[PDB]
Amino acid sequence: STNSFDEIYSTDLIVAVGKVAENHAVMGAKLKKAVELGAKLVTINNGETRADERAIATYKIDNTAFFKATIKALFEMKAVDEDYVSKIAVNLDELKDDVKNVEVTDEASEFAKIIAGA
Amino acid sequence: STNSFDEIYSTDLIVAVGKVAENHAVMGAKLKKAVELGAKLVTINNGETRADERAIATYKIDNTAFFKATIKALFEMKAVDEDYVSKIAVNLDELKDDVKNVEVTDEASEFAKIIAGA
Amino acid sequence: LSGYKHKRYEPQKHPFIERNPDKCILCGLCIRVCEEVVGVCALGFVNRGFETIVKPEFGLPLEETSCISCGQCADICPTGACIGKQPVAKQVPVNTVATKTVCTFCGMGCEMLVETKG
Amino acid sequence: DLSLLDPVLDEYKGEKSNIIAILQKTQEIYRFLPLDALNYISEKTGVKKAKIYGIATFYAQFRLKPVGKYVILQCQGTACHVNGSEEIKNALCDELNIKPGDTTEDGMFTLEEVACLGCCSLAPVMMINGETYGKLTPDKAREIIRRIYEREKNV
Amino acid sequence: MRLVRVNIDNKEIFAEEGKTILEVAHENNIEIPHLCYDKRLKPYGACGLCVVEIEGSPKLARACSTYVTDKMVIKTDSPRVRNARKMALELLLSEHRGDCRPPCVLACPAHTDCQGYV
Amino acid sequence: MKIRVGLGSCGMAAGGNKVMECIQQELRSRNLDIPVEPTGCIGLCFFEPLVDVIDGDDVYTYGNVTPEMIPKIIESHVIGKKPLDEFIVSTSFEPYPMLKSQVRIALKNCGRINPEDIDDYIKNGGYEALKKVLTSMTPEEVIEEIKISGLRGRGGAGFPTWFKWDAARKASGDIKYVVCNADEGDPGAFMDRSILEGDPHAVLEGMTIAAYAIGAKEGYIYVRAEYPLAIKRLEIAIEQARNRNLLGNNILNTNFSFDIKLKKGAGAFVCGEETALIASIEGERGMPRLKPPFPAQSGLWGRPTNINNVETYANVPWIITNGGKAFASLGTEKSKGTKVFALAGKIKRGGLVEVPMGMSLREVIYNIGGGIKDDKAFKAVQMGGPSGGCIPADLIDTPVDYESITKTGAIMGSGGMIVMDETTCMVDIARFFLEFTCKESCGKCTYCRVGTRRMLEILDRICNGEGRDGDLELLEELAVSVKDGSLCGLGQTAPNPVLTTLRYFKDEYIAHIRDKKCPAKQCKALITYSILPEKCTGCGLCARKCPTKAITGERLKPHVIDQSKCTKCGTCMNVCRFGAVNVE
Ligand SMILES: Cc1cc2nc3c(=O)[nH]c(=O)nc-3n(C[C@H](O)[C@H](O)[C@H](O)COP(=O)(O)O)c2cc1C
Ligand code: SF4
Ligand code: SF4
Ligand code: SF4
Ligand code: SF4
Ligand code: SF4
Ligand code: SF4
Ligand code: SF4
Ligand code: FES
Ligand code: FES
Ligand SMILES: [Zn+2]
Ligand SMILES: [Zn+2]
């Protein structure tokens, strides 16, 4: 993990992927508390979760292509500072070529808008 | 002593009698802090003190009569609930007779007004 | 102040939590913790006034509701109207000694006090 | 049945603050509150089942059991009670052999005590399916019950 | 920060603004009864055991929901408060069915924990 | 020529609907074109159904009308062109004396307009206050006008309405709410229902003026669903007001925009509380919240909310039109204006009255109400209802005023006024009020949840003859503890009937406890029905009327009661015209 559990209470946006609350009920309580404190919750899952009650965006996906579309959408809105990313990351052109032919959906574009606005 | 040192920070009015700050410098600092916190300071002494700087009333007395007149003034302005004092205290009529013939001065009346208004 | 007293206790088959309405002081803590902290909201008030009781959803057994068996209701109860059964062969009210340790069943690393006797 | 609830739930969908209105419409549709209907309301409205049960059991207008054909709203306000309305309720209970709030085993009468019906000057007052009766008396109330029973039996 | 000054049971306390009387008294090791309070939940005011006498208020105030203000005088064990708590506890015991101790323990002259060791 | 029939809640409970149907049928069969309208309750609820025949500006109010008398009235007044004067009860030139000592402000239009026609309300100086406020009045000017008028409460503990409006206005928020208590609460009060059935437009206009003063854009009416007539008339009035640009977006072609949604209450005495009304509107169970935050600072869904009664909202247009000083020139130095009282109980003339503040209760009863039914004695007035108290005969001179009534241990309350004479037991009344309180308590705090029930148990023991000695002081201690420890006002005011009855009528409790006798002969377990052999005539009516067949005897021989199987239902007194049965 990159960050600690405390920073959850102070982050702007939370993206909960999978059965986060179902498999770990205390994390569901922590997400509830964080959303009450002022965070924004986005849940990505293949089925229903207890965290959907206070989520601003709920995505029921079954394939990774969703995220790929998101990436393409992130490039379309010019939300990726490619200078900084090229300085810090490699395989950026390969990523651009990989996601260039995917179809951006309404759900993926909305997710990209939520991500870029946080 | 009837009360504790902490209550000084929370009392409405402080009457410092004698060389309180001169003999006990830390008490002078405590009075300065209490007046800064919102209290009102009255210094009674026969000479100058370092507590006169932030005092609302400064009295330079040399005799106990100043207090007696004060008591008489407290009776004249009807600031003594004699019903309560008669139940809690004795020698009240003797006190009234003792202070009946004294002369109320402007300083004593001002002190009595300060006491009754706190 | 003695008179009519409810007798609404019914035996239940739940392996972990035992609820006795006859010992309930109607503080609401179980409902408030299932709603505000856990977020499952499996308990609620039923009836009104002297007839008020705390019941799971639709008066169903705790197993048949959305309860996730976390035990928070039994942990917050002040007066033994909701208890968590002891993992022993015969139930016995004993004075235990508590040691702090860490749950090892998922990565959230929740801490707990294990209360033992022997 | 769980089919007539669709328009009622659709006209109050999207807000979890209309639950009491949904319960009132459900009671209008089904003449009582069925547990399966409460399950459906909780599923579609998004409100927890515990809160649905709490609201349903908190308010006096909501009844969880079927109610007989005739409802006897026997007013028990201050004016009627001062004018001797307790004896009216006792007479009705003794005649129908049921306790207040219950329904006869025949499924015909359902005595329920209510607040002021507005017509204090006719105290005591009892209402049966819209019809009103005022200036009553235990004997008179028993006579009304007997006349209603005989009139219905003759049909 | 800015500190409020309170007097709880003749003890001068410098508390922090935004706390309730329950929290301030817990910090200063003053015991106020409470049965429906929890730090994770919003106040409820049900049990009425936390009532304290605040000078200047004719009605007893719930320590779990009342906030400490500057120059406050609080009594937590005055005869009025004790009578209120006793009446609330008697009312709670009115609707209570249980055995605090089993009849076997009560029939032993030495009050041996028969049930416990059995 | 017009015909009006009084269709209130009590109007259709006395046959008013059938009277209107018969009038319409007679007019149709006679081939006549005369308007027939419904109208609210004028206050003479003991004369319903009331038929007002209007010729130009003259109004003739026939009372106690019947379908058989309708053809005579129609053919002699509408066709005969002459008042009948035999069944006439009131007229514009000589009004009923019950309406001569009343100064009416909230009930100004009640019974004198058409509740289902906005044009009739407009014709009688209606909605002009809203026009004036929207044209040439600042919201601060409106608040100052209400402040000068001295309006306060009219159905509560009594608080300056201007203070609530200013507190709601000064609060920060994009959206503010303006709510109304159409709930009556007190079981025996019907002023709000009659006002909504006879003058819903006054409440609507008052709500709109309150919103303009506050800045609200949406308002709520909390009417109990048990009152279908009030709901129907309110819906009709709201639709008519909307269709005339008097409610909704761009009211009166200006930037103001206020709308009202009727929120039907499910039925609870606790729901009348502000923090419980808010919960009921929000969809949760009506459990009262704690005092911080206050409804004015944050009410419905965490936004500023101003909750007021129906009567205080009806008072607003009159204050705006006639000025604050005119409203403040009536009453006393503290309580100013008029108060609506629902007179009921053992009274000769009951119904809605509107009396100026400072009027003595003796003037309200013996001068307006006509005295006591059957000209019996007079024991007490229960002012306030379950939260109020019993003002006895010796305190009959207390003026109608919040402070004067409060000093007697009662409260002004919503305005219910139940007169109880010498045949009504005080212990039974306290027991009845406590039973109502226990059946309507929200059951959150143990003081109201258990204290009220235990007090009810003590009173039941006293009434049932099982009252152990040493229960008066324990009842008083329970009452004081419950009063000073409960959360909301239901429990803090529940002990009031017990506290008052134990102050002015303690000897009744002593007799119920010490002598085990009922001074008023009302509690069944403390009385006895006995037949004097001399007085009886052996007609057998009482014997045949017994549900338990207690009384047996021979013909023309004195009947003998069966005390073993006597349920003390009191049927003998009702059925024996010879005065043979004696209760003692
Ligand atoms: C238990 C209880 C029931 C109440 N019921 C009503 C009611 O039915 N109608 C009403 O106008 N006020 C009622 N109130 C008073 C309200 O608290 C509040 O005063 C009212 O909503 C508006 O006050 P107002 O007189 O200034 O308009 C009730 C109060 C309590 C404590
Ligand atoms: S165990 Fe947990 S989920 Fe189940 S009722 Fe108790 S608090 Fe709610
Ligand atoms: S926490 Fe215990 S005492 Fe409180 S309401 Fe729940 S079951 Fe009753
Ligand atoms: S660590 Fe995981 S399994 Fe253990 S209590 Fe916490 S959430 Fe449950
Ligand atoms: S220990 Fe507590 S819950 Fe158990 S019987 Fe005693 S008082 Fe009641
Ligand atoms: S006094 Fe307490 S129990 Fe009674 S209605 Fe108010 S909050 Fe509920
Ligand atoms: S009181 Fe009723 S039961 Fe008793 S004798 Fe009279 S009629 Fe019969
Ligand atoms: S009604 Fe009166 S007179 Fe007739 S039998 Fe009964 S007691 Fe005798
Ligand atoms: S109290 Fe019963 S009709 Fe008014
Ligand atoms: S802890 Fe229960 S009222 Fe405060
Ligand atoms: Zn009427
Ligand atoms: Zn009696």
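First listed ligand is number 1; within each ligand, the first listed atom is number 1. Below, chain A is the first sequence line, B the second, and so on; all start at residue 1. Below, each value reflects all heavy atoms present in this structure, side chains not excepted, and no hydrogens, waters or symmetry copies.
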With F:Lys568 as the cation and F:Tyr529 as the aromatic partner, state whether NZ or CZ is under 6.0 Å from the six-membered ring centre and within 45° of the axis.
no
Cut-off 3.5 Å, side chains only: do E:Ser78 and E:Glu53 have a donor facing an acceptor?
yes
Under 4.0 Å from atom 2 (Fe) of ligand 5, can you find at least one protein heavy atom?
no
Could you tell me, atom by atom, which parts of ligand 7 come under 4.0 Å of a heavy atom of F:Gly570?
1 (S)
A side-chain contact here means heavy atoms from C-beta on lying under 4.5 Å apart; do E:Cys64 and E:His34 qualify?
no
E:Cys47 side chain near C:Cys27 side chain, heavy-atom distance below 4.5 Å:
no
Heavy-atom contacts with F:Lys568 under 4.0 Å: which atoms of ligand 7 show up? List them by number with element.
1 (S), 4 (Fe)
Is the number of heavy atoms from other residues, nucleotides or ligands under 6.0 Å of E:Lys86 NZ greater than 12?
yes
Considering E:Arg62, E:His34, F:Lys444 one by one, which has a heavy atom nearer to atom 1 (S) of ligand 10 than any of the others?
E:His34
Give the atom numbers and elements of ligand 10 that come within less than 4.0 Å of a heavy atom of E:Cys64.
1 (S), 3 (S), 4 (Fe)
Before we go on, tell me: are the rings of C:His6 and E:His96 under 6.0 Å apart, centre to centre?
no
Taking E:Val51's backbone N and O only, do any of them form a donor-acceptor pair with E:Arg62's side chain (distance below 3.5 Å, no angle check)?
no
Show me which atoms of ligand 10 lie under 4.0 Å from any heavy atom of E:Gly45.
3 (S)
Which residue and heavy atom of the protein sit nearest atom 3 (S) of ligand 10, plus the separation
E:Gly48 N, 3.2 Å
Neighbouring protein N, O or S atoms of atom 8 (Fe) of ligand 7, below 2.8 Å:
1
Find all atoms of ligand 5 within a distance of less than 4.0 Å from any non-hydrogen atom belonging to C:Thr79, and give their numbers and elements.
3 (S)
min-distance protein heavy atom vs atom 6 (Fe) of ligand 5 -> E:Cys100 SG, 2.3 Å
Top protein contact for atom 7 (S) of ligand 5, by heavy-atom distance:
E:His96 NE2, 3.6 Å
Does F:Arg454 reach the main-chain N or O of C:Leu1 with its side chain, forming a donor-acceptor pair under 3.5 Å?
yes
Might you confirm whether atom OH of D:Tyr133 has over 12 heavy atoms from other residues, nucleotides or ligands at distances under 6.0 Å?
yes
Which of the atoms in ligand 10, numbered in the order shown and given with their element, are less than 4.0 Å from a heavy-atom of E:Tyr37?
1 (S)
Using a cut-off of 6.0 Å, state whether more than 12 heavy atoms not belonging to C:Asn95 lie near its atom CG.
no
Salt-bridge criterion met for D:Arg142 and D:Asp139 (N-O under 4.0 Å)
no
